[PDB]
>>> print(open('start-v9.cif').read())   # mmCIF, N, CA and C atoms
data_work
#
loop_
_atom_site.group_PDB
_atom_site.id
_atom_site.type_symbol
_atom_site.label_atom_id
_atom_site.label_comp_id
_atom_site.auth_asym_id
_atom_site.auth_seq_id
_atom_site.Cartn_x
_atom_site.Cartn_y
_atom_site.Cartn_z
ATOM 1 N N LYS A 392 -29.614 -13.330 73.299
ATOM 2 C CA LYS A 392 -28.508 -12.381 73.374
ATOM 3 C C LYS A 392 -27.978 -12.038 71.989
ATOM 4 N N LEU A 393 -27.853 -13.033 71.109
ATOM 5 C CA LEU A 393 -27.379 -12.768 69.759
ATOM 6 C C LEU A 393 -28.361 -11.899 68.989
ATOM 7 N N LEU A 394 -29.658 -12.019 69.280
ATOM 8 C CA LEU A 394 -30.633 -11.146 68.638
ATOM 9 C C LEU A 394 -30.556 -9.726 69.190
ATOM 10 N N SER A 395 -30.471 -9.585 70.514
ATOM 11 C CA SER A 395 -30.565 -8.261 71.125
ATOM 12 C C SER A 395 -29.227 -7.529 71.114
ATOM 13 N N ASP A 396 -28.236 -8.062 71.823
ATOM 14 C CA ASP A 396 -26.920 -7.430 71.947
ATOM 15 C C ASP A 396 -25.848 -8.393 71.461
ATOM 16 N N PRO A 397 -25.375 -8.255 70.224
ATOM 17 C CA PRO A 397 -24.347 -9.164 69.698
ATOM 18 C C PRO A 397 -22.912 -8.758 70.005
ATOM 19 N N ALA A 398 -22.692 -7.823 70.930
ATOM 20 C CA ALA A 398 -21.342 -7.335 71.191
ATOM 21 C C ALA A 398 -20.535 -8.336 72.011
ATOM 22 N N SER A 399 -21.028 -8.686 73.200
ATOM 23 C CA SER A 399 -20.269 -9.561 74.089
ATOM 24 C C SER A 399 -20.097 -10.955 73.496
ATOM 25 N N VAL A 400 -21.151 -11.497 72.883
ATOM 26 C CA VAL A 400 -21.100 -12.877 72.411
ATOM 27 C C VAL A 400 -20.167 -13.014 71.211
ATOM 28 N N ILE A 401 -20.225 -12.075 70.270
ATOM 29 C CA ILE A 401 -19.439 -12.157 69.044
ATOM 30 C C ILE A 401 -18.117 -11.433 69.248
ATOM 31 N N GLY A 402 -17.018 -12.107 68.920
ATOM 32 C CA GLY A 402 -15.709 -11.515 69.037
ATOM 33 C C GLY A 402 -15.387 -10.607 67.871
ATOM 34 N N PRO A 403 -14.205 -9.995 67.933
ATOM 35 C CA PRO A 403 -13.768 -9.120 66.839
ATOM 36 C C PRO A 403 -13.649 -9.885 65.530
ATOM 37 N N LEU A 404 -13.959 -9.199 64.432
ATOM 38 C CA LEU A 404 -13.972 -9.806 63.108
ATOM 39 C C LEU A 404 -13.311 -8.884 62.092
ATOM 40 N N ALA A 405 -12.746 -9.493 61.054
ATOM 41 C CA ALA A 405 -12.003 -8.750 60.047
ATOM 42 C C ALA A 405 -12.934 -7.960 59.133
ATOM 43 N N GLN A 406 -12.477 -6.764 58.753
ATOM 44 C CA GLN A 406 -13.249 -5.909 57.858
ATOM 45 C C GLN A 406 -13.589 -6.631 56.562
ATOM 46 N N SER A 407 -12.677 -7.480 56.083
ATOM 47 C CA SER A 407 -12.890 -8.185 54.826
ATOM 48 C C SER A 407 -14.119 -9.081 54.869
ATOM 49 N N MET A 408 -14.610 -9.423 56.062
ATOM 50 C CA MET A 408 -15.815 -10.239 56.132
ATOM 51 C C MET A 408 -17.037 -9.458 55.665
ATOM 52 N N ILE A 409 -17.055 -8.143 55.879
ATOM 53 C CA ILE A 409 -18.186 -7.322 55.461
ATOM 54 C C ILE A 409 -18.158 -7.165 53.946
ATOM 55 N N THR A 410 -19.325 -7.300 53.320
ATOM 56 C CA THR A 410 -19.420 -7.241 51.867
ATOM 57 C C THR A 410 -19.228 -5.811 51.378
ATOM 58 N N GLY A 411 -18.155 -5.581 50.623
ATOM 59 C CA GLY A 411 -17.911 -4.298 50.003
ATOM 60 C C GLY A 411 -17.293 -3.248 50.897
ATOM 61 N N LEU A 412 -17.047 -3.558 52.171
ATOM 62 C CA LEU A 412 -16.438 -2.581 53.066
ATOM 63 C C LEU A 412 -15.023 -2.239 52.619
ATOM 64 N N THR A 413 -14.222 -3.263 52.316
ATOM 65 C CA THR A 413 -12.862 -3.018 51.851
ATOM 66 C C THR A 413 -12.868 -2.296 50.510
ATOM 67 N N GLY A 414 -13.828 -2.617 49.641
ATOM 68 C CA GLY A 414 -13.925 -1.914 48.373
ATOM 69 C C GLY A 414 -14.241 -0.442 48.548
ATOM 70 N N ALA A 415 -15.200 -0.127 49.423
ATOM 71 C CA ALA A 415 -15.547 1.269 49.669
ATOM 72 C C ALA A 415 -14.385 2.026 50.300
ATOM 73 N N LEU A 416 -13.708 1.409 51.272
ATOM 74 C CA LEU A 416 -12.569 2.072 51.899
ATOM 75 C C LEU A 416 -11.447 2.305 50.895
ATOM 76 N N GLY A 417 -11.170 1.315 50.044
ATOM 77 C CA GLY A 417 -10.158 1.497 49.019
ATOM 78 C C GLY A 417 -10.523 2.586 48.031
ATOM 79 N N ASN A 418 -11.798 2.643 47.633
ATOM 80 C CA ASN A 418 -12.237 3.693 46.722
ATOM 81 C C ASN A 418 -12.066 5.070 47.348
ATOM 82 N N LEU A 419 -12.454 5.218 48.616
ATOM 83 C CA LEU A 419 -12.315 6.513 49.280
ATOM 84 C C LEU A 419 -10.849 6.907 49.425
ATOM 85 N N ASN A 420 -9.998 5.958 49.820
ATOM 86 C CA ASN A 420 -8.580 6.261 49.978
ATOM 87 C C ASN A 420 -7.942 6.623 48.644
ATOM 88 N N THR A 421 -8.302 5.908 47.576
ATOM 89 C CA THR A 421 -7.762 6.227 46.260
ATOM 90 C C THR A 421 -8.254 7.584 45.779
ATOM 91 N N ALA A 422 -9.507 7.931 46.084
ATOM 92 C CA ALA A 422 -10.005 9.256 45.732
ATOM 93 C C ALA A 422 -9.224 10.344 46.455
ATOM 94 N N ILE A 423 -8.952 10.143 47.747
ATOM 95 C CA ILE A 423 -8.169 11.122 48.499
ATOM 96 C C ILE A 423 -6.760 11.232 47.928
ATOM 97 N N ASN A 424 -6.145 10.091 47.611
ATOM 98 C CA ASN A 424 -4.796 10.105 47.054
ATOM 99 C C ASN A 424 -4.761 10.806 45.703
ATOM 100 N N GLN A 425 -5.769 10.571 44.863
ATOM 101 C CA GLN A 425 -5.828 11.244 43.570
ATOM 102 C C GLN A 425 -6.032 12.743 43.739
ATOM 103 N N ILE A 426 -6.863 13.142 44.706
ATOM 104 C CA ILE A 426 -7.053 14.562 44.987
ATOM 105 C C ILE A 426 -5.733 15.198 45.398
ATOM 106 N N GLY A 427 -4.966 14.505 46.240
ATOM 107 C CA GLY A 427 -3.660 15.018 46.617
ATOM 108 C C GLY A 427 -2.689 15.078 45.450
ATOM 109 N N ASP A 428 -2.723 14.068 44.578
ATOM 110 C CA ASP A 428 -1.726 13.966 43.517
ATOM 111 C C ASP A 428 -1.981 14.969 42.399
ATOM 112 N N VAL A 429 -3.248 15.195 42.044
ATOM 113 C CA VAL A 429 -3.553 16.055 40.903
ATOM 114 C C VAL A 429 -3.019 17.463 41.136
ATOM 115 N N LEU A 430 -3.079 17.940 42.380
ATOM 116 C CA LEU A 430 -2.642 19.296 42.679
ATOM 117 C C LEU A 430 -1.154 19.500 42.422
ATOM 118 N N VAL A 431 -0.352 18.436 42.460
ATOM 119 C CA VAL A 431 1.074 18.534 42.172
ATOM 120 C C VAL A 431 1.436 17.936 40.826
ATOM 121 N N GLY A 432 0.477 17.341 40.115
ATOM 122 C CA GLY A 432 0.710 16.805 38.788
ATOM 123 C C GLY A 432 0.406 15.315 38.733
ATOM 124 N N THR A 433 1.276 14.572 38.050
ATOM 125 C CA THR A 433 1.172 13.118 37.946
ATOM 126 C C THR A 433 -0.224 12.706 37.471
ATOM 127 N N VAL A 434 -0.510 13.086 36.222
ATOM 128 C CA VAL A 434 -1.835 12.883 35.645
ATOM 129 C C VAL A 434 -2.267 11.437 35.830
ATOM 130 N N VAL A 435 -3.474 11.254 36.365
ATOM 131 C CA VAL A 435 -3.998 9.939 36.700
ATOM 132 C C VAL A 435 -5.445 9.864 36.231
ATOM 133 N N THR A 436 -5.904 8.645 35.990
ATOM 134 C CA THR A 436 -7.282 8.432 35.570
ATOM 135 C C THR A 436 -8.223 8.762 36.721
ATOM 136 N N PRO A 437 -9.167 9.681 36.545
ATOM 137 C CA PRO A 437 -10.071 10.027 37.644
ATOM 138 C C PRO A 437 -10.978 8.863 38.011
ATOM 139 N N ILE A 438 -11.295 8.778 39.303
ATOM 140 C CA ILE A 438 -12.171 7.713 39.781
ATOM 141 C C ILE A 438 -13.606 7.959 39.333
ATOM 142 N N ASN A 439 -14.104 9.175 39.529
ATOM 143 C CA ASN A 439 -15.504 9.459 39.245
ATOM 144 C C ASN A 439 -15.647 10.929 38.857
ATOM 145 N N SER B 440 0.670 11.315 52.214
ATOM 146 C CA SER B 440 1.274 11.924 51.033
ATOM 147 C C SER B 440 0.308 12.867 50.329
ATOM 148 N N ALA B 441 -0.976 12.506 50.271
ATOM 149 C CA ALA B 441 -1.949 13.373 49.613
ATOM 150 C C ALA B 441 -2.058 14.718 50.320
ATOM 151 N N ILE B 442 -2.130 14.703 51.652
ATOM 152 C CA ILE B 442 -2.226 15.951 52.398
ATOM 153 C C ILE B 442 -0.936 16.749 52.274
ATOM 154 N N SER B 443 0.213 16.067 52.261
ATOM 155 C CA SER B 443 1.476 16.776 52.072
ATOM 156 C C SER B 443 1.528 17.454 50.707
ATOM 157 N N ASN B 444 1.058 16.762 49.668
ATOM 158 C CA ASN B 444 1.026 17.349 48.333
ATOM 159 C C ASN B 444 0.078 18.538 48.281
ATOM 160 N N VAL B 445 -1.063 18.440 48.964
ATOM 161 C CA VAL B 445 -1.989 19.567 49.021
ATOM 162 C C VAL B 445 -1.337 20.754 49.723
ATOM 163 N N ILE B 446 -0.598 20.490 50.804
ATOM 164 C CA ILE B 446 0.125 21.553 51.502
ATOM 165 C C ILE B 446 1.109 22.232 50.559
ATOM 166 N N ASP B 447 1.880 21.430 49.821
ATOM 167 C CA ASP B 447 2.870 21.990 48.906
ATOM 168 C C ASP B 447 2.206 22.820 47.814
ATOM 169 N N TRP B 448 1.106 22.318 47.251
ATOM 170 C CA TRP B 448 0.413 23.056 46.201
ATOM 171 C C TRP B 448 -0.167 24.359 46.730
ATOM 172 N N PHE B 449 -0.718 24.341 47.946
ATOM 173 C CA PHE B 449 -1.251 25.571 48.521
ATOM 174 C C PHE B 449 -0.145 26.585 48.775
ATOM 175 N N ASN B 450 1.015 26.126 49.251
ATOM 176 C CA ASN B 450 2.135 27.042 49.438
ATOM 177 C C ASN B 450 2.586 27.635 48.109
ATOM 178 N N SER B 451 2.641 26.810 47.060
ATOM 179 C CA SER B 451 3.009 27.318 45.742
ATOM 180 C C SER B 451 1.998 28.344 45.246
ATOM 181 N N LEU B 452 0.709 28.078 45.457
ATOM 182 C CA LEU B 452 -0.319 29.020 45.031
ATOM 183 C C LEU B 452 -0.217 30.330 45.803
ATOM 184 N N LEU B 453 0.076 30.263 47.103
ATOM 185 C CA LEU B 453 0.246 31.488 47.879
ATOM 186 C C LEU B 453 1.452 32.284 47.399
ATOM 187 N N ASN B 454 2.550 31.594 47.080
ATOM 188 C CA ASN B 454 3.721 32.278 46.540
ATOM 189 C C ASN B 454 3.383 32.973 45.229
ATOM 190 N N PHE B 455 2.675 32.271 44.341
ATOM 191 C CA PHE B 455 2.264 32.876 43.079
ATOM 192 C C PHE B 455 1.344 34.066 43.316
ATOM 193 N N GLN B 456 0.436 33.944 44.284
ATOM 194 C CA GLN B 456 -0.484 35.024 44.616
ATOM 195 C C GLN B 456 0.268 36.282 45.030
ATOM 196 N N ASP B 457 1.186 36.147 45.990
ATOM 197 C CA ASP B 457 1.896 37.327 46.472
ATOM 198 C C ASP B 457 2.797 37.910 45.389
ATOM 199 N N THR B 458 3.460 37.053 44.604
ATOM 200 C CA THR B 458 4.305 37.564 43.530
ATOM 201 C C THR B 458 3.485 38.329 42.501
ATOM 202 N N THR B 459 2.315 37.802 42.133
ATOM 203 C CA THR B 459 1.481 38.479 41.147
ATOM 204 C C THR B 459 0.958 39.806 41.677
ATOM 205 N N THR B 460 0.536 39.847 42.943
ATOM 206 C CA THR B 460 0.064 41.109 43.506
ATOM 207 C C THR B 460 1.181 42.146 43.548
ATOM 208 N N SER B 461 2.377 41.736 43.982
ATOM 209 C CA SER B 461 3.502 42.663 44.021
ATOM 210 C C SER B 461 3.860 43.150 42.624
ATOM 211 N N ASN B 462 3.841 42.250 41.638
ATOM 212 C CA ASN B 462 4.144 42.646 40.269
ATOM 213 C C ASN B 462 3.107 43.624 39.735
ATOM 214 N N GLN B 463 1.828 43.393 40.038
ATOM 215 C CA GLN B 463 0.787 44.314 39.597
ATOM 216 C C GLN B 463 0.997 45.699 40.193
ATOM 217 N N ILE B 464 1.256 45.757 41.502
ATOM 218 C CA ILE B 464 1.469 47.046 42.155
ATOM 219 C C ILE B 464 2.681 47.748 41.555
ATOM 220 N N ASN B 465 3.773 47.004 41.365
ATOM 221 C CA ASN B 465 4.990 47.595 40.823
ATOM 222 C C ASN B 465 4.774 48.109 39.406
ATOM 223 N N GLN B 466 4.082 47.337 38.568
ATOM 224 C CA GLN B 466 3.852 47.756 37.189
ATOM 225 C C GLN B 466 2.992 49.008 37.132
ATOM 226 N N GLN B 467 1.913 49.043 37.920
ATOM 227 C CA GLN B 467 1.051 50.219 37.907
ATOM 228 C C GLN B 467 1.792 51.451 38.412
ATOM 229 N N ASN B 468 2.566 51.301 39.491
ATOM 230 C CA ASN B 468 3.320 52.437 40.012
ATOM 231 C C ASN B 468 4.376 52.902 39.018
ATOM 232 N N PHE B 469 5.038 51.962 38.338
ATOM 233 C CA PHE B 469 6.034 52.327 37.339
ATOM 234 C C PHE B 469 5.401 53.096 36.191
ATOM 235 N N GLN B 470 4.241 52.639 35.718
ATOM 236 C CA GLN B 470 3.564 53.350 34.640
ATOM 237 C C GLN B 470 3.145 54.747 35.080
ATOM 238 N N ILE B 471 2.618 54.871 36.299
ATOM 239 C CA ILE B 471 2.209 56.182 36.793
ATOM 240 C C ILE B 471 3.410 57.112 36.892
ATOM 241 N N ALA B 472 4.535 56.601 37.397
ATOM 242 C CA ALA B 472 5.739 57.418 37.508
ATOM 243 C C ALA B 472 6.246 57.851 36.139
ATOM 244 N N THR B 473 6.236 56.936 35.167
ATOM 245 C CA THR B 473 6.684 57.284 33.823
ATOM 246 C C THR B 473 5.787 58.349 33.207
ATOM 247 N N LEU B 474 4.472 58.229 33.405
ATOM 248 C CA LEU B 474 3.559 59.251 32.906
ATOM 249 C C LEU B 474 3.807 60.593 33.584
ATOM 250 N N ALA B 475 4.047 60.579 34.898
ATOM 251 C CA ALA B 475 4.272 61.825 35.623
ATOM 252 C C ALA B 475 5.548 62.515 35.161
ATOM 253 N N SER B 476 6.628 61.759 35.003
ATOM 254 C CA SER B 476 7.893 62.314 34.550
ATOM 255 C C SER B 476 7.958 62.258 33.025
ATOM 256 N N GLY B 477 9.139 62.504 32.468
ATOM 257 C CA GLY B 477 9.318 62.391 31.035
ATOM 258 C C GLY B 477 10.040 63.559 30.400
ATOM 259 N N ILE B 478 9.580 63.960 29.215
ATOM 260 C CA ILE B 478 10.234 65.027 28.470
ATOM 261 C C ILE B 478 10.047 66.355 29.189
ATOM 262 N N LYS B 479 11.116 67.146 29.242
ATOM 263 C CA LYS B 479 11.075 68.492 29.786
ATOM 264 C C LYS B 479 11.656 69.458 28.765
ATOM 265 N N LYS B 480 11.159 70.690 28.785
ATOM 266 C CA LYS B 480 11.639 71.700 27.853
ATOM 267 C C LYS B 480 13.091 72.049 28.145
ATOM 268 N N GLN B 481 13.873 72.225 27.082
ATOM 269 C CA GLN B 481 15.286 72.531 27.228
ATOM 270 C C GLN B 481 15.469 73.958 27.739
ATOM 271 N N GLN B 482 16.732 74.335 27.946
ATOM 272 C CA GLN B 482 17.029 75.644 28.518
ATOM 273 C C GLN B 482 16.654 76.774 27.565
ATOM 274 N N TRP B 483 16.920 76.603 26.269
ATOM 275 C CA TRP B 483 16.689 77.687 25.322
ATOM 276 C C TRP B 483 15.215 77.864 24.981
ATOM 277 N N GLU B 484 14.444 76.775 24.932
ATOM 278 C CA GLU B 484 13.027 76.898 24.605
ATOM 279 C C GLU B 484 12.293 77.734 25.643
ATOM 280 N N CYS B 485 12.558 77.488 26.923
ATOM 281 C CA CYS B 485 11.960 78.279 27.985
ATOM 282 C C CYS B 485 12.827 78.173 29.229
ATOM 283 N N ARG B 486 12.627 79.124 30.141
ATOM 284 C CA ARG B 486 13.405 79.137 31.376
ATOM 285 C C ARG B 486 13.007 77.987 32.291
ATOM 286 N N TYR B 487 11.708 77.791 32.493
ATOM 287 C CA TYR B 487 11.241 76.760 33.403
ATOM 288 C C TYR B 487 11.292 75.389 32.737
ATOM 289 N N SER B 488 11.303 74.349 33.575
ATOM 290 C CA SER B 488 11.425 72.987 33.066
ATOM 291 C C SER B 488 10.233 72.607 32.197
#
>>> encode(input="start-v9.cif", output="structure tokens")
Amino acid sequence: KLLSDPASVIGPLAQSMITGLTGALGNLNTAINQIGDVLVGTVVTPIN
Amino acid sequence: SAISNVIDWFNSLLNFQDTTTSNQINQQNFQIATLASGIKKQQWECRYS
């Protein structure tokens, strides 16, 4: 069951357990926030 | 907050857009009117304006 369908057997787990998931989400959210902020000013260091 | 800031910036850009278009139309019409009107011959130089 763990090989085929790991849904029922494995319970809910925190995003922080996944490697780099929180980092990617934070990067995307910060990019969106910077996109919003630049249009009104508040000069900030660009992400990429 | 990012989407709200984008909304505000877009509204500001639209305001600038309409103001600039209105100013362009007004300036061109004013120049055309000034060119059309202007100096007219006095009464003694000729009868007609």
>>> atom_distance(input="start-v9.cif", atom1="CA of residue 487 (chain B)", atom2="CA of residue 475 (chain B)")
16.6 Å
>>> resolve_selection(input="start-v9.cif", expression="the PyMOL selection byres ((chain B and resi 442) around 8)", output="ChimeraX atom specification")
/A:423-424,426-428 /B:440-441,443-448
>>> write_last_selection(input="start-v9.cif", atoms="N, CA and C atoms", output="PDB file, in the frame of the given file")
ATOM      1  N   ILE A 423      -8.952  10.143  47.747  1.00  0.00           N
ATOM      2  CA  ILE A 423      -8.169  11.122  48.499  1.00  0.00           C
ATOM      3  C   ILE A 423      -6.760  11.232  47.928  1.00  0.00           C
ATOM      4  N   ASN A 424      -6.145  10.091  47.611  1.00  0.00           N
ATOM      5  CA  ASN A 424      -4.796  10.105  47.054  1.00  0.00           C
ATOM      6  C   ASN A 424      -4.761  10.806  45.703  1.00  0.00           C
ATOM      7  N   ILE A 426      -6.863  13.142  44.706  1.00  0.00           N
ATOM      8  CA  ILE A 426      -7.053  14.562  44.987  1.00  0.00           C
ATOM      9  C   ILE A 426      -5.733  15.198  45.398  1.00  0.00           C
ATOM     10  N   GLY A 427      -4.966  14.505  46.240  1.00  0.00           N
ATOM     11  CA  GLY A 427      -3.660  15.018  46.617  1.00  0.00           C
ATOM     12  C   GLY A 427      -2.689  15.078  45.450  1.00  0.00           C
ATOM     13  N   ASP A 428      -2.723  14.068  44.578  1.00  0.00           N
ATOM     14  CA  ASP A 428      -1.726  13.966  43.517  1.00  0.00           C
ATOM     15  C   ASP A 428      -1.981  14.969  42.399  1.00  0.00           C
TER      16      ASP A 428
ATOM     17  N   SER B 440       0.670  11.315  52.214  1.00  0.00           N
ATOM     18  CA  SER B 440       1.274  11.924  51.033  1.00  0.00           C
ATOM     19  C   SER B 440       0.308  12.867  50.329  1.00  0.00           C
ATOM     20  N   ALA B 441      -0.976  12.506  50.271  1.00  0.00           N
ATOM     21  CA  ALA B 441      -1.949  13.373  49.613  1.00  0.00           C
ATOM     22  C   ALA B 441      -2.058  14.718  50.320  1.00  0.00           C
ATOM     23  N   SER B 443       0.213  16.067  52.261  1.00  0.00           N
ATOM     24  CA  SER B 443       1.476  16.776  52.072  1.00  0.00           C
ATOM     25  C   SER B 443       1.528  17.454  50.707  1.00  0.00           C
ATOM     26  N   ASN B 444       1.058  16.762  49.668  1.00  0.00           N
ATOM     27  CA  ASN B 444       1.026  17.349  48.333  1.00  0.00           C
ATOM     28  C   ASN B 444       0.078  18.538  48.281  1.00  0.00           C
ATOM     29  N   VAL B 445      -1.063  18.440  48.964  1.00  0.00           N
ATOM     30  CA  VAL B 445      -1.989  19.567  49.021  1.00  0.00           C
ATOM     31  C   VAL B 445      -1.337  20.754  49.723  1.00  0.00           C
ATOM     32  N   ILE B 446      -0.598  20.490  50.804  1.00  0.00           N
ATOM     33  CA  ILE B 446       0.125  21.553  51.502  1.00  0.00           C
ATOM     34  C   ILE B 446       1.109  22.232  50.559  1.00  0.00           C
ATOM     35  N   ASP B 447       1.880  21.430  49.821  1.00  0.00           N
ATOM     36  CA  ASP B 447       2.870  21.990  48.906  1.00  0.00           C
ATOM     37  C   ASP B 447       2.206  22.820  47.814  1.00  0.00           C
ATOM     38  N   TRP B 448       1.106  22.318  47.251  1.00  0.00           N
ATOM     39  CA  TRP B 448       0.413  23.056  46.201  1.00  0.00           C
ATOM     40  C   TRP B 448      -0.167  24.359  46.730  1.00  0.00           C
TER      41      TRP B 448
END
>>> select_by_dssp(input="start-v9.cif", residues="chain B", states="alpha helix (DSSP H)", output="ChimeraX atom specification")
/B:441-475
>>> atom_distance(input="start-v9.cif", atom1="CA of residue 400 (chain A)", atom2="CA of residue 417 (chain A)")
29.6 Å
>>> atom_distance(input="start-v9.cif", atom1="atom C of residue 462 (chain B)", atom2="atom C of residue 474 (chain B)")
18.1 Å
